[PDB]
>>> print(open('data29.txt').read())   # compact mmCIF, C-alpha atoms and all ligand atoms
# COMPACT_ATOMS: atom_id res chain seq x y z
CA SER A 5 3.35 -10.13 14.65
CA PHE A 6 0.41 -10.09 12.07
CA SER A 7 -2.79 -11.66 13.36
CA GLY A 8 -6.21 -12.47 11.96
CA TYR A 9 -5.09 -12.63 8.32
CA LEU A 10 -6.54 -15.03 5.79
CA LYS A 11 -3.80 -16.73 3.73
CA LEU A 12 -4.45 -16.31 -0.01
CA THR A 13 -1.19 -17.76 -1.37
CA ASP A 14 2.26 -18.85 -0.14
CA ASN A 15 3.19 -15.15 0.41
CA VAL A 16 -0.01 -13.05 0.29
CA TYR A 17 -2.28 -12.53 3.33
CA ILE A 18 -5.41 -10.36 3.67
CA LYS A 19 -7.47 -8.84 6.48
CA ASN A 20 -10.39 -6.44 6.86
CA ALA A 21 -8.58 -3.75 8.80
CA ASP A 22 -7.77 -0.07 8.92
CA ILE A 23 -4.09 0.04 7.84
CA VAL A 24 -3.39 2.89 10.34
CA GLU A 25 -4.73 0.82 13.25
CA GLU A 26 -2.93 -2.23 11.92
CA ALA A 27 0.37 -0.30 11.66
CA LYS A 28 -0.03 1.16 15.19
CA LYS A 29 -0.60 -2.39 16.54
CA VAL A 30 2.11 -4.31 14.66
CA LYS A 31 4.72 -1.55 14.17
CA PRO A 32 5.89 -3.38 11.01
CA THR A 33 9.29 -2.90 9.42
CA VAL A 34 7.51 -1.49 6.34
CA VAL A 35 4.11 0.05 5.85
CA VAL A 36 3.21 0.85 2.25
CA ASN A 37 1.55 4.13 1.42
CA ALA A 38 -0.72 4.56 -1.60
CA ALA A 39 1.21 7.65 -2.67
CA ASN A 40 0.97 10.03 -5.61
CA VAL A 41 4.02 11.36 -7.51
CA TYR A 42 4.06 14.58 -5.47
CA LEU A 43 3.78 12.76 -2.11
CA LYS A 44 0.77 14.99 -1.34
CA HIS A 45 -0.99 12.83 1.25
CA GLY A 46 -4.44 14.35 1.04
CA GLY A 47 -6.90 11.50 1.18
CA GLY A 48 -7.45 7.76 1.00
CA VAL A 49 -4.74 5.68 2.64
CA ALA A 50 -2.16 8.50 2.27
CA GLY A 51 -4.32 11.07 4.03
CA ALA A 52 -5.06 8.58 6.82
CA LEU A 53 -1.40 7.54 7.32
CA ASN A 54 -0.25 11.16 7.24
CA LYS A 55 -2.93 12.25 9.75
CA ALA A 56 -1.77 9.42 12.10
CA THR A 57 1.78 10.89 11.98
CA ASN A 58 0.43 14.35 12.97
CA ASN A 59 1.55 15.58 9.50
CA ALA A 60 5.20 14.55 10.09
CA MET A 61 4.92 12.30 7.00
CA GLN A 62 3.89 15.30 4.88
CA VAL A 63 6.71 17.52 6.24
CA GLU A 64 9.28 14.81 5.49
CA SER A 65 7.71 14.19 2.06
CA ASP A 66 7.82 17.89 1.09
CA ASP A 67 11.54 17.97 1.87
CA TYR A 68 12.01 14.76 -0.20
CA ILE A 69 10.20 16.31 -3.18
CA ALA A 70 12.08 19.61 -2.85
CA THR A 71 15.35 17.66 -3.11
CA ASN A 72 14.44 14.91 -5.60
CA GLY A 73 11.44 16.01 -7.60
CA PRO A 74 8.37 13.88 -8.15
CA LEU A 75 8.30 10.11 -8.23
CA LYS A 76 7.35 8.23 -11.38
CA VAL A 77 3.95 6.49 -11.63
CA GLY A 78 4.93 2.88 -10.82
CA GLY A 79 7.84 4.06 -8.66
CA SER A 80 8.51 4.35 -4.99
CA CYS A 81 10.70 5.80 -2.30
CA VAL A 82 11.54 4.69 1.24
CA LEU A 83 10.97 7.29 3.93
CA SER A 84 10.45 7.13 7.69
CA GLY A 85 7.54 5.16 9.08
CA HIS A 86 7.27 7.73 11.92
CA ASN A 87 5.07 6.34 14.75
CA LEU A 88 3.54 3.70 12.44
CA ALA A 89 6.41 1.57 11.20
CA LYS A 90 10.23 1.53 10.86
CA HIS A 91 9.87 2.67 7.20
CA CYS A 92 7.15 3.80 4.90
CA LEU A 93 7.44 2.63 1.33
CA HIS A 94 5.58 5.26 -0.71
CA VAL A 95 4.43 3.49 -3.84
CA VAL A 96 2.67 5.23 -6.72
CA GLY A 97 0.10 3.05 -8.43
CA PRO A 98 -1.61 4.45 -11.55
CA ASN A 99 -4.60 6.66 -10.82
CA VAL A 100 -7.33 5.65 -13.27
CA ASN A 101 -9.22 8.86 -12.24
CA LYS A 102 -6.20 10.83 -13.70
CA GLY A 103 -6.25 8.60 -16.86
CA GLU A 104 -3.00 6.83 -15.93
CA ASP A 105 -2.02 3.52 -17.56
CA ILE A 106 -3.41 0.55 -15.50
CA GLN A 107 -0.50 -1.52 -16.97
CA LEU A 108 1.77 0.45 -14.54
CA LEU A 109 0.14 -1.40 -11.60
CA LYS A 110 2.50 -4.38 -12.06
CA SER A 111 5.53 -2.02 -11.97
CA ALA A 112 4.11 -0.44 -8.79
CA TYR A 113 3.79 -3.84 -7.06
CA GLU A 114 7.36 -4.80 -8.12
CA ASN A 115 8.60 -2.25 -5.56
CA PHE A 116 7.29 -4.56 -2.81
CA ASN A 117 9.87 -7.22 -3.81
CA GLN A 118 12.67 -5.10 -2.34
CA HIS A 119 11.26 -5.75 1.19
CA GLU A 120 10.98 -9.13 2.88
CA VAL A 121 7.73 -8.32 4.64
CA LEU A 122 5.25 -5.46 4.23
CA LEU A 123 1.93 -4.22 5.57
CA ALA A 124 0.14 -2.74 2.53
CA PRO A 125 -3.07 -1.56 0.98
CA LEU A 126 -4.26 -2.70 -2.49
CA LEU A 127 -2.50 -0.37 -4.93
CA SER A 128 -4.62 1.80 -7.21
CA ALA A 129 -7.78 0.75 -5.31
CA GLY A 130 -10.14 3.22 -3.57
CA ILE A 131 -9.83 6.81 -4.76
CA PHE A 132 -7.21 5.72 -7.34
CA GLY A 133 -10.09 4.23 -9.34
CA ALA A 134 -8.85 0.78 -10.34
CA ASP A 135 -10.80 -2.45 -9.78
CA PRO A 136 -9.61 -3.82 -6.42
CA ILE A 137 -10.18 -7.40 -7.65
CA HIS A 138 -7.70 -6.70 -10.47
CA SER A 139 -5.28 -5.05 -7.97
CA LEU A 140 -5.32 -8.17 -5.77
CA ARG A 141 -4.70 -10.38 -8.82
CA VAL A 142 -1.70 -8.23 -9.89
CA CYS A 143 -0.43 -8.28 -6.29
CA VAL A 144 -0.56 -12.10 -6.07
CA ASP A 145 1.06 -12.48 -9.51
CA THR A 146 3.82 -9.88 -8.93
CA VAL A 147 4.83 -9.78 -5.28
CA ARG A 148 7.06 -12.64 -4.13
CA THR A 149 7.88 -11.25 -0.66
CA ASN A 150 5.46 -11.54 2.31
CA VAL A 151 2.67 -9.02 1.94
CA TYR A 152 -0.09 -8.46 4.52
CA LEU A 153 -2.92 -6.61 2.86
CA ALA A 154 -5.25 -4.42 4.89
CA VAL A 155 -8.63 -3.79 3.22
CA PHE A 156 -10.62 -1.13 5.05
CA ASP A 157 -14.06 -1.76 3.58
CA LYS A 158 -15.67 -5.00 4.98
CA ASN A 159 -17.92 -5.35 1.96
CA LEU A 160 -14.96 -5.09 -0.43
CA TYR A 161 -12.89 -7.50 1.75
CA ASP A 162 -15.72 -10.08 1.52
CA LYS A 163 -15.97 -9.62 -2.24
CA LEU A 164 -12.16 -9.95 -2.66
CA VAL A 165 -12.00 -13.18 -0.61
CA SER A 166 -15.12 -14.74 -2.19
CA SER A 167 -13.95 -14.00 -5.74
CA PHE A 168 -10.28 -14.96 -5.24
CA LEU A 169 -9.17 -17.47 -7.77
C1 LIG B 1 -9.48 7.44 7.60
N1 LIG B 1 -9.93 6.05 7.60
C2 LIG B 1 -8.81 5.10 7.57
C3 LIG B 1 -8.68 4.39 6.23
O1 LIG B 1 -9.28 4.82 5.25
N2 LIG B 1 -7.87 3.31 6.22
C4 LIG B 1 -7.66 2.38 5.18
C5 LIG B 1 -8.06 2.67 3.87
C6 LIG B 1 -7.87 1.72 2.87
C7 LIG B 1 -8.37 1.95 1.47
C8 LIG B 1 -7.23 0.53 3.22
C9 LIG B 1 -6.86 0.32 4.54
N3 LIG B 1 -7.07 1.21 5.52
>>> encode(input="data29.txt", output="C-alpha cells")
Amino acid sequence: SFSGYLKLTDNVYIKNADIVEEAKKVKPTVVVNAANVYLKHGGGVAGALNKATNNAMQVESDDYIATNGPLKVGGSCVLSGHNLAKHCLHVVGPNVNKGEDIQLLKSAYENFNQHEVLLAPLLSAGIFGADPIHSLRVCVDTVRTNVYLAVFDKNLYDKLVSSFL
C-alpha cells in the first residue's frame, strides 16, 4: 500500500513524489488526473500520466470526448487507469491561467468523495496557476475520503508541510 506519507489530517496524507512513479509502484484503485475539459493531456500531471500510458490515456479520452463532449470545470469522469491504476478519475480544477473561477476548486475536490481512496495531485496547482497552499487547504476542508497527495516539487512539498495549519 501507500508508504512514506506524512499524515496531515484524519484522511489526508502527503508525500514528495512523482505521481507517475507512485502510481506504477502502488497500482492504486484510483489515480486522479489534473485534467482539462477537453481531456487533452498535454503537460503537467496530465501530460506525464498520459506519456506513462504510451498515449493510451489520450486515445481513450478522445473517444470519451467524441461521445460525451467536454467536461465541466469542477467536473470529472472515470476512465481506465491503464498500466497506472484500476481507474483514472479525470478531475478538472479551474485554470487560473485561463481566468477560470477559483471558487470551482471546492467543486473539483468534491469529486474525490465518490472514491474511498485515491492517489492524487493538488488540483489547480502547477500549470493551472492556483496557489498550491490554497489547493491543499480546500482539499483538507472538502475531501472526506482517504486521499494520498503526491507533490512533485520538493521545495513546494516542504513549503506545504511547514505552512500547514
Ligand atoms: C514529467 N514529470 C513528472 C511529473 O511532473 N509528475 C508530477 C507532477 C506534479 C505537479 C505532481 C506529481 N507528480
>>> residues_around(input="data29.txt", residues="residue 158 in chain A", least_positions_apart="2", cutoff="6 Å", atoms="only C-alpha atoms", output="MDAnalysis selection string")
chainID A and resid 20 160:161
>>> residues_near_ligand(input="data29.txt", ligand="ligand LIG 1 (chain B)", cutoff="7 Å", atoms="only C-alpha atoms and all ligand atoms", output="ChimeraX atom specification")
/A:21-24,48-49,52,125,129-130,154-156
>>> write_last_selection(input="data29.txt", atoms="C-alpha atoms", output="mmCIF file, in the coordinates of the input")
data_model
loop_
_atom_site.group_PDB
_atom_site.id
_atom_site.type_symbol
_atom_site.label_atom_id
_atom_site.label_comp_id
_atom_site.auth_asym_id
_atom_site.auth_seq_id
_atom_site.Cartn_x
_atom_site.Cartn_y
_atom_site.Cartn_z
ATOM 1 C CA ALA A 21 -8.580 -3.750 8.800
ATOM 2 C CA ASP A 22 -7.770 -0.070 8.920
ATOM 3 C CA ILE A 23 -4.090 0.040 7.840
ATOM 4 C CA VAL A 24 -3.390 2.890 10.340
ATOM 5 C CA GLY A 48 -7.450 7.760 1.000
ATOM 6 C CA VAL A 49 -4.740 5.680 2.640
ATOM 7 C CA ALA A 52 -5.060 8.580 6.820
ATOM 8 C CA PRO A 125 -3.070 -1.560 0.980
ATOM 9 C CA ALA A 129 -7.780 0.750 -5.310
ATOM 10 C CA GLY A 130 -10.140 3.220 -3.570
ATOM 11 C CA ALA A 154 -5.250 -4.420 4.890
ATOM 12 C CA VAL A 155 -8.630 -3.790 3.220
ATOM 13 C CA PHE A 156 -10.620 -1.130 5.050
#
>>> residues_near_point(input="data29.txt", point="(7.9, 2.3, 0.0)", cutoff="7 Å", atoms="only C-alpha atoms", output="list in words")
residues 36, 37, 80, 81, 82, 92, 93, 94 and 95 of chain A
>>> residues_around(input="data29.txt", residues="range 136-140 of chain A", least_positions_apart="5", cutoff="9 Å", atoms="only C-alpha atoms", output="ChimeraX atom specification")
/A:109-110,126-130,145,160,163-164,167-168
>>> residues_around(input="data29.txt", residues="range 11-18 of chain A", least_positions_apart="5", cutoff="6 Å", atoms="all atoms listed in the file", output="PyMOL selection string")
chain A and resi 150-153
>>> write_last_selection(input="data29.txt", atoms="C-alpha atoms", output="PDB file, in the coordinates of the input")
ATOM      1  CA  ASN A 150       5.460 -11.540   2.310  1.00  0.00           C
ATOM      2  CA  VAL A 151       2.670  -9.020   1.940  1.00  0.00           C
ATOM      3  CA  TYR A 152      -0.090  -8.460   4.520  1.00  0.00           C
ATOM      4  CA  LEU A 153      -2.920  -6.610   2.860  1.00  0.00           C
TER       5      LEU A 153
END
>>> atom_distance(input="data29.txt", atom1="CA of residue 27 in chain A", atom2="CA of residue 114 in chain A")
21.5 Å
>>> closest_residue(input="data29.txt", among="A:162, A:59, A:29, A:71", to="residue 45 in chain A", atoms="all atoms listed in the file")
A:59
>>> atom_distance(input="data29.txt", atom1="CA of residue 123 in chain A", atom2="CA of residue 33 in chain A")
8.4 Å
>>> residues_near_point(input="data29.txt", point="(7.7, 10.4, -6.5)", cutoff="6 Å", atoms="all atoms listed in the file", output="JSON, numbers by chain")
{"A": [41, 42, 74, 75, 76]}
>>> closest_residue(input="data29.txt", among="A:100, A:88, A:169, A:147", to="residue 132 in chain A", atoms="all atoms listed in the file")
A:100
>>> atom_distance(input="data29.txt", atom1="CA of residue 46 in chain A", atom2="CA of residue 67 in chain A")
16.4 Å
>>> closest_residue(input="data29.txt", among="A:60, A:34, A:89, A:106", to="residue 135 in chain A", atoms="only C-alpha atoms")
A:106
>>> closest_residue(input="data29.txt", among="A:124, A:77, A:165, A:108", to="residue 26 in chain A", atoms="only C-alpha atoms")
A:124
>>> closest_residue(input="data29.txt", among="A:43, A:53, A:111, A:83", to="residue 69 in chain A", atoms="all atoms listed in the file")
A:43
>>> closest_residue(input="data29.txt", among="A:84, A:99, A:159, A:72", to="residue 35 in chain A", atoms="all atoms listed in the file")
A:84
>>> build_atoms(input="data29.txt", residues="range 7-18 of chain A", atoms="N, CA, C and O atoms", output="compact mmCIF listing (two decimals), keeping the file's coordinate frame")
# COMPACT_ATOMS: atom_id res chain seq x y z
N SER A 7 -1.78 -10.72 12.91
CA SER A 7 -2.79 -11.66 13.36
C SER A 7 -4.12 -11.44 12.69
O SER A 7 -4.46 -10.32 12.32
N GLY A 8 -4.88 -12.53 12.54
CA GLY A 8 -6.21 -12.47 11.96
C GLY A 8 -6.26 -12.41 10.45
O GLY A 8 -7.31 -12.09 9.88
N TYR A 9 -5.11 -12.69 9.78
CA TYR A 9 -5.09 -12.63 8.32
C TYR A 9 -5.51 -13.95 7.72
O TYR A 9 -5.17 -15.02 8.23
N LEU A 10 -6.19 -13.86 6.59
CA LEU A 10 -6.54 -15.03 5.79
C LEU A 10 -5.39 -15.21 4.78
O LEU A 10 -4.95 -14.24 4.15
N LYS A 11 -4.89 -16.45 4.64
CA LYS A 11 -3.80 -16.73 3.73
C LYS A 11 -4.39 -16.92 2.35
O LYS A 11 -5.27 -17.77 2.19
N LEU A 12 -3.96 -16.15 1.36
CA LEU A 12 -4.45 -16.31 -0.01
C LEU A 12 -3.51 -17.19 -0.82
O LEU A 12 -3.96 -18.03 -1.60
N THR A 13 -2.20 -17.00 -0.65
CA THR A 13 -1.19 -17.76 -1.37
C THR A 13 -0.02 -18.03 -0.41
O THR A 13 -0.08 -17.69 0.77
N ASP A 14 1.08 -18.59 -0.92
CA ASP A 14 2.26 -18.85 -0.14
C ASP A 14 2.77 -17.55 0.55
O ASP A 14 3.24 -17.61 1.69
N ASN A 15 2.61 -16.39 -0.13
CA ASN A 15 3.19 -15.15 0.41
C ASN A 15 2.23 -14.00 0.58
O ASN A 15 2.67 -12.94 1.02
N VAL A 16 0.96 -14.14 0.21
CA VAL A 16 -0.01 -13.05 0.29
C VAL A 16 -1.08 -13.38 1.31
O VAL A 16 -1.69 -14.46 1.25
N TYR A 17 -1.32 -12.46 2.23
CA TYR A 17 -2.28 -12.53 3.33
C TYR A 17 -3.20 -11.32 3.26
O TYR A 17 -2.79 -10.26 2.78
N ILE A 18 -4.43 -11.45 3.76
CA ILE A 18 -5.41 -10.36 3.67
C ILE A 18 -6.26 -10.28 4.91
O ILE A 18 -6.57 -11.29 5.51
